[PDB]
Amino acid sequence: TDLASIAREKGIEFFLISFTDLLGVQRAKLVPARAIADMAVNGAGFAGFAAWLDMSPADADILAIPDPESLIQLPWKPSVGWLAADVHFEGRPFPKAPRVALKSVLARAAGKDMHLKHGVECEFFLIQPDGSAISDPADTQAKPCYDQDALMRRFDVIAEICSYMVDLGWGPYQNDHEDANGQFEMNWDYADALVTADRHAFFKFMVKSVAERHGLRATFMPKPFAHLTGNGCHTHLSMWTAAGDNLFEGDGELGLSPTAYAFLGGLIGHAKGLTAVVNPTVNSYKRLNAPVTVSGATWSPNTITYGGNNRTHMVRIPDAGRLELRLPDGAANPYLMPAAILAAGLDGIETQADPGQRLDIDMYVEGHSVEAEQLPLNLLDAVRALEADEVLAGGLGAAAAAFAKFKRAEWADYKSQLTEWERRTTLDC
Amino acid sequence: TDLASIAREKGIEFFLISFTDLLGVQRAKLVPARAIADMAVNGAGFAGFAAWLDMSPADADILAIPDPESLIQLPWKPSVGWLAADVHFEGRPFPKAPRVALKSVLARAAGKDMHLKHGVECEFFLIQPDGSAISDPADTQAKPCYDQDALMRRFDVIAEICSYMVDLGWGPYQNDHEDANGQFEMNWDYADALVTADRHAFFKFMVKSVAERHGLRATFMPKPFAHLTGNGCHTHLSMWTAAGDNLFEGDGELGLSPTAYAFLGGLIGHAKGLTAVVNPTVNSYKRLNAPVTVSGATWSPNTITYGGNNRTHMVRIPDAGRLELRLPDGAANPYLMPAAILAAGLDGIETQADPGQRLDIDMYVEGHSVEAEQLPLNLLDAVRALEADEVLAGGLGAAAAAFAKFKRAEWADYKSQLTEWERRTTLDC
Amino acid sequence: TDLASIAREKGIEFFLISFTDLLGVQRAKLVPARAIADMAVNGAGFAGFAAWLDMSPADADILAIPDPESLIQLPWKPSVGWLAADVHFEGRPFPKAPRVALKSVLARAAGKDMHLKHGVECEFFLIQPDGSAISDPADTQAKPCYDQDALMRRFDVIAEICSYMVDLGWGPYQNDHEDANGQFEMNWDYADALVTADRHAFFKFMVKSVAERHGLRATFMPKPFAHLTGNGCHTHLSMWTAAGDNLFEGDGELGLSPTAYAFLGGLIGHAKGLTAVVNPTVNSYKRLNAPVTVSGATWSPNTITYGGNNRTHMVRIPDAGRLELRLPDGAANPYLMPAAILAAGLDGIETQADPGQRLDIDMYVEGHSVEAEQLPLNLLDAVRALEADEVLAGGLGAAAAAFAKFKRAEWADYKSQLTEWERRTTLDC
Ligand SMILES: Nc1ncnc2c1ncn2[C@@H]1O[C@H](COP(=O)(O)OP(=O)(O)NP(=O)(O)O)[C@@H](O)[C@H]1O
Ligand SMILES: Nc1ncnc2c1ncn2[C@@H]1O[C@H](COP(=O)(O)OP(=O)(O)NP(=O)(O)O)[C@@H](O)[C@H]1O
Ligand SMILES: Nc1ncnc2c1ncn2[C@@H]1O[C@H](COP(=O)(O)OP(=O)(O)NP(=O)(O)O)[C@@H](O)[C@H]1O
Ligand SMILES: C[S@](=N)(=O)CC[C@H](N)C(=O)O
Ligand SMILES: C[S@](=N)(=O)CC[C@H](N)C(=O)O
Ligand SMILES: C[S@](=N)(=O)CC[C@H](N)C(=O)O
Ligand SMILES: [Mg+2]
Ligand SMILES: [Mg+2]
Ligand SMILES: [Mg+2]
Ligand SMILES: [Mg+2]
Ligand SMILES: [Mg+2]
Ligand SMILES: [Mg+2]
Ligand SMILES: [Mg+2]
Ligand SMILES: [Mg+2]
Ligand SMILES: [Mg+2]
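If you want it as structure tokens, here you go:
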């Protein structure tokens with residue numbers, strides 16, 4: 002695809018050549034249209050150590066090579082065109098780069114005529130620019146989910162973003178106020194994993210950018226308020242053949258196939274290590290296994306279990322032909338997340354993993370009634386599980402060890418921070 | 002001993018009948034002299050559930066029976082006499098009460114002609130009454146240990162308390178500024194474990210009380226400041242026969258006997274569970290394995306190891322005939338601590354436990370150079386180790402399970418508190 | 002000497018057992034009288050790494066053995082007795098301890114029937130407790146030296162301290178306001194080096210303590226105000242035989258002997274390295290070679306030169322029979338200063354060093370008029386010179402190397418601080 006020509010036809014003056022680092026941070030260069038042809042072929046250069054890629058100041062430049070198919074004219078500023086990119090190093094795609102890691106797992110699966118398609122539910126809060134409070138002081142009621150008043154009070158921001166998604170062809174189909182005061186969700190059609198991953202990366206950038214233009218702020222933080230529901234990023238998952246058949250579609254329980262259930266078996270089996278990737282922050286572990294919120298439920302997973310159309314489990318079966326992994330949160334990396342999930346699912350399919358028995362109970366109420374394995378309770382334990390999980394660690398390649406190193410560093414930093422609770426309850430010991 | 006007569010002779014108008022609950026909180030009734038004779042015989046009544054003893058609102062009164070030998074006229078207010086007490090329930094000493102638990106282990110040991118004597122080093126900080134800062138704004142230098150200026154700037158408080166200890170016959174022998182800005186230590190002679198435990202309980206009360214009278218505040222909090230040395234409560238330990246011989250005194254390495262080393266073997270072997278008791282708060286785990294402080298060392302244990310006259314280990318051998326357990330902190334219960342240590346030591350002696358090899362290295366610098374077992378990294382893991390440790394759990398009796406329940410409750414409470422570090426580093430995920 | 006009995010006679014309740022570390026910081030333990038007899042024999046224990054002694058946390062306790070001859074009942078608080086002490090380590094005097102290092106050099110000199118006697122001029126400023134300004138807002142004139150008004154405005158502080166020195170037998174003989182606004186000096190009789198060093202150390206603690214009691218603050222900082230004269234610590238020096246004759250007394254120029262001039266020769270010859278010790282802080286180098294002050298002269302050295310009764314050189318010859326080294330400042334260690342001076346001096350005598358030509362000029366005006374070596378211009382260069390100077394390094398022993406390590410660490414910290422002058426002059430580059 003000819004980016005220079007497109008720039009002229011469409012009035013694009015600058016391109017953002019953008020990649021996602023291990024921690025999910027969007028890294029980009031802003032290049033004027035006159036330079037795009039060279040950049041598209043040779044890539045934009047960066048000092049990799051300066052992003053979260055676990056390199057050395059002494060290493061040669063990485064080159065981020067833009068995917069011309071990913072082009073998006075910023076709908077709020079159409080003179081700029083955003084491009085997702087694969088980081089290359091020493092002439093080959095760099096295995097520590099999330100988008101590259103994802104593509105590698107996708108290629109393996111594709112070689113067996115299995116194609117991951119997913120949709121993401123990127124819940125977010127709208128907050129004051131200073132982070133002190135949610136953006137809407139009138140959004141206070143104990144059960145605010147789907148609140149019409151508070152939704153319409155932020156119509157201008159929500160509708161603007163939704164209209165952008167319409168224009169971009171993402172097939173958006175609904176927006177609402179979510180279960181925490183100040184929290185929202187906007188949904189759009191699932192797609193090939195790579196397409197969704199790119200869209201997912203762009204979406205966060207778009208929401209943050211538009212929120213700012215309205216003097217607001219958006220956060221995807223997993224648990225920004227102790228007593229309110231957190232930000233999930235559920236992924237709905239299905240596996241397709243090249244000919245266009247959904248392999249999860251079946252005659253078994255709840256309209257699922259044995260392939261779907263073996264995939265689920267992979268999810269269940271690798272859940273501990275998978276948690277490290279899709280719940281990648283210290284804060285993630287305050288969303289999981291959270292005490293009950295003011296709205297009456299956390300809506301997040303506590304245990305390594307699955308139910309039917311039941312939102313109290315790690316996995317929900319929402320309808321025939323797909324799985325809903327409810328585990329990931331708003332911090333989850335848009336590339337590592339599908340990559341990690343796929344690696345786990347493929348292994349489930351290859352080993353014909355047994356997901357175990359479906360639990361048709363409210364796990365928040367009756368978790369005690371049954372013997373169920375708890376999810377990792379903190380980042381450090383989840384990371385240890387990642388490192389000990391060969392399938393996962395090997396599926397993600399060098400990204401896994403790099404990720405683990407960073408998360409351990411974050412943990413060492415966090416575990417030394419004095420908290421107000423400690424002062425209040427220990428000063429008089 | 003006749004408390005009523007003593008009240009008349011000495012001018013005592015009120016007695017504090019006092020016990021220590023599982024969490025270390027001093028519980029007391031203030032009874033006028035006219036009522037002491039009845040109270041001494043029958044005990045002072047309390048609703049046990051209202052203290053940290055793990056009872057029920059429905060249970061009959063506990064009766065705290067004062068130990069007349071423990072009598073202390075408050076030196077800053079001699080009209081009041083403090084008494085340590087054994088909690089009784091349903092006619093017998095209550096095994097969940099710390100002072101009772103300690104006495105039970107002491108009796109077992111005594112039955113084998115082994116008598117625990119210990120000394121405690123109760124480091125504390127002097128801080129503003131509001132807890133915002135240390136009491137002395139001029140105490141700022143990077144290495145403040147033994148600072149003459151800052152010590153003398155608090156002469157009036159320190160000297161007053163030291164003079165009280167002189168008058169009480171505790172054999173105090175030194176005071177200094179400790180290694181953190183704002184921190185102090187006052188040392189006194191070791192004694193029979195029960196005597197030291199009573200003194201230890203009284204000392205904290207005395208320091209807090211006198212600090213207040215000077216418009217200051219004292220805290221024994223393990224780690225009140227992230228970047229400064231924490232509050233230890235090292236215990237120096239020796240075992241004696243009734244005839245007055247020190248069993249730790251020997252011809253082995255560093256002037257220690259095989260009995261001493263088998264006791265050390267118990268300490269090493271039971272270190273994981275022991276940590277729960279002598280490091281009993283969430284905050285305790287920020288003193289252990291702490292990043293280096295502004296003064297150049299944490300001075301607290303990281304690993305389950307021992308050295309010679311070497312302050313970088315869990316156990317130090319300070320001189321012939323004793324061990325220094327450097328593990329406990331300022332939160333450690335004055336009764337459960339010697340009780341837990343003794344249970345572990347006795348078992349070491351009975352099984353002829355091998356403490357392993359002495360490490361003559363700086364463990365902060367060369368911890369990597371050797372294979373050493375790390376101490377539990379947080380309260381919840383330490384508590385799990387306590388529960389799985391039969392010798393310890395059985396030695397402490399029902400106090401252990403009660404303690405564990407409370408600490409788990411504290412953990413569940415803490416783990417849900419949102420921290421500033423999380424907000425700062427996750428909001429932009 | 003019987004410290005326990007002296008305590009009973011003189012009503013001393015506590016002893017400060019004190020030593021000076023490499024950075025001049027006073028370290029002490031406050032011990033009740035009941036413990037002094039043991040401490041005087043065995044020493045008070047300290048963890049040496051916690052002070053500026055260049056040790057390891059894993060090292061055995063140092064033991065500070067007090068010198069009973071040094072006893073001073075704090076004149077402002079006679080219930081407390083101050084004791085200067087020698088630090089011992091592993092059974093021997095610890096060569097890195099300044100007082101031990103000084104005694105070592107005195108011992109060499111004494112073996113040759115040469116005994117150093119010196120006097121110190123410990124200039125200080127009286128400032129606001131917060132350190133923002135001098136204590137006296139009416140002290141403002143351009144030439145305030147010997148100002149009668151400003152001197153009498155601080156009569157109460159100055160007279161109290163001077164009267165203490167009378168009672169202590171130091172032979173004080175004058176006090177005045179010095180050349181900078183806010184600055185004072187109180188002089189007393191020279192003595193054997195060790196006596197004067199102990200007095201120097203105590204004096205600084207006395208001035209600081211008494212100032213505080215008056216709601217003031219004393220500082221001995223070398224250059225606390227960029228435009229005002231700084232704090233010197235001139236030392237007056239003479240060498241005596243055991244028989245009591247002044248070896249510097251002679252028939253040569255200005256009533257000096259050849260021994261005096263050879264001693265001078267060591268000072269001149271060893272000046273670059275001596276500077277690191279007697280000007281031991283980054284700030285020291287803003288007193289040396291300073292631009293002219295508001296009062297018209299810095300009165301501090303710029304060059305490795307000497308004159309007669311002439312205050313513009315490194316060395317001044319004030320009268321028959323002694324030298325004045327004007328080099329040292331208020332930060333100079335009371336023990337390392339005479340120790341390094343004596344080492345340079347002894348070497349001068351043994352090599353019959355030639356001090357060169359006396360300069361009878363004002364070095365501030367006619368410095369250009371003559372070829373003269375400049376002093377090191379900053380701490381890093383002075384330390385480098387200390388390290389390269391065999392006599393000095395060997396003379397001070399391990400104290401020198403340890404001192405050098407600490408000062409390089411200080412320099413590394415300092416050189417990275419951004420200053421306001423830089424922002425002002427560079428922001429618009
Ligand atoms: N066959 C499929 N494979 C993968 N994703 C799909 C498939 N079919 C639908 N989806 C997507 O699944 C997502 C559904 O999200 P949503 O409408 O919010 O449902 P829900 O998860 O039941 N709601 P919530 O209460 O927030 O958890 C959308 O992105 C759909 O496009
Ligand atoms: N045989 C003994 N058995 C038990 N305790 C003893 C024995 N001998 C001395 N002690 C006590 O051990 C304690 C020593 O504390 P301390 O003087 O502070 O020494 P240190 O622990 O080497 N100092 P620190 O740097 O703070 O850790 C005192 O309470 C002594 O009384
Ligand atoms: N023979 C000597 N050896 C060593 N010190 C001496 C000797 N004779 C006198 N002193 C001391 O030298 C010091 C004199 O300092 P001082 O009275 O301030 O004189 P000055 O240095 O000429 N004053 P200043 O203008 O501040 O430099 C006193 O401590 C004297 O006791
Ligand atoms: C179940 S829901 N109403 O979709 C809410 C999900 C919740 N925010 C979460 O943490 O996953
Ligand atoms: C080794 S020391 N100088 O006694 C300090 C001990 C430290 N406060 C601690 O946490 O044990
Ligand atoms: C020469 S003087 N008048 O004694 C002043 C000395 C000056 N304070 C100095 O820095 O040495
Ligand atoms: Mg949804
Ligand atoms: Mg939702
Ligand atoms: Mg969902
Ligand atoms: Mg101590
Ligand atoms: Mg201590
Ligand atoms: Mg100790
Ligand atoms: Mg003078
Ligand atoms: Mg002077
Ligand atoms: Mg002088």
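Residue numbers (the deposited numbering), protein chains in the order written: chain C, 2 to 430; chain C', 2 to 430; chain B, 2 to 430. A prime marks a further copy of an entry chain.
Ideal Cβ positions, reconstructed from N, Cα and C, are used throughout, including at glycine.
Any C-beta of chain C' under 7 Å from that of residue i
i	result
residue 30 (chain B)	yes
residue 16 (chain B)	no
residue 419 (chain C)	yes
residue 74 (chain B)	no
residue 232 (chain C)	no
residue 47 (chain C)	no
residue 59 (chain B)	yes
Residue from the options with nearest C-alpha to residue i
i	options	result
residue 277 (chain B)	B:303, B:314, B:333 and B:270	B:333
residue 22 (chain C)	C:13, C:6 and C:51	C:51
residue 48 (chain C)	C:417, C:89 and C:388	C:89
residue 137 (chain B)	B:415, B:363 and B:217	B:217
residue 429 (chain C')	C:245, C:210, C:121 and C:370	C:210
residue 84 (chain C)	C:98, C:68, C:94 and C:93	C:68
residue 53 (chain C)	C:421, C:104, C:427 and C:411	C:411
Ligand 1 heavy atom lying under 6 Å from the CB of residue i
i	result
residue 237 (chain C)	yes
residue 307 (chain C)	no
C-beta contact flag for residue i and residue j at 7 Å
i	j	result
residue 331 (chain B)	residue 267 (chain B)	no
residue 408 (chain B)	residue 378 (chain B)	no
residue 336 (chain C')	residue 111 (chain C')	no
residue 4 (chain C)	residue 15 (chain C)	no
residue 327 (chain C)	residue 356 (chain C)	no
residue 172 (chain C)	residue 190 (chain C)	yes
Near ligand 5: residue i beta-carbon under 6 Å from a heavy atom
i	result
residue 57 (chain B)	no
Residue i CB to nearest heavy atom of ligand 6 below 6 Å
i	result
residue 154 (chain B)	no
Heavy atom of ligand 3 within 6 Å of residue i beta-carbon
i	result
residue 104 (chain B)	no
residue 322 (chain B)	yes
Residue i CB to nearest heavy atom of ligand 8 below 6 Å
i	result
residue 124 (chain C)	yes
residue 179 (chain C)	yes
Cutoff 7 Å: residue i Cβ touching any chain B Cβ
i	result
residue 182 (chain C')	no
residue 293 (chain C')	no
Proximity test, residue i beta-carbon vs ligand 11 heavy atom, cut-off 6 Å
i	result
residue 250 (chain C')	no
Near ligand 2: residue i beta-carbon under 6 Å from a heavy atom
i	result
residue 116 (chain C')	no
residue 119 (chain C')	yes
Any chain C beta carbon closer than 7 Å to residue i
i	result
residue 304 (chain C')	no
Whose beta carbon lies closer than 7 Å to any heavy atom of ligand 10, going through the chain in order? Those satisfying the condition are, in chain order, C':122, C':186, C':188 and C':235.
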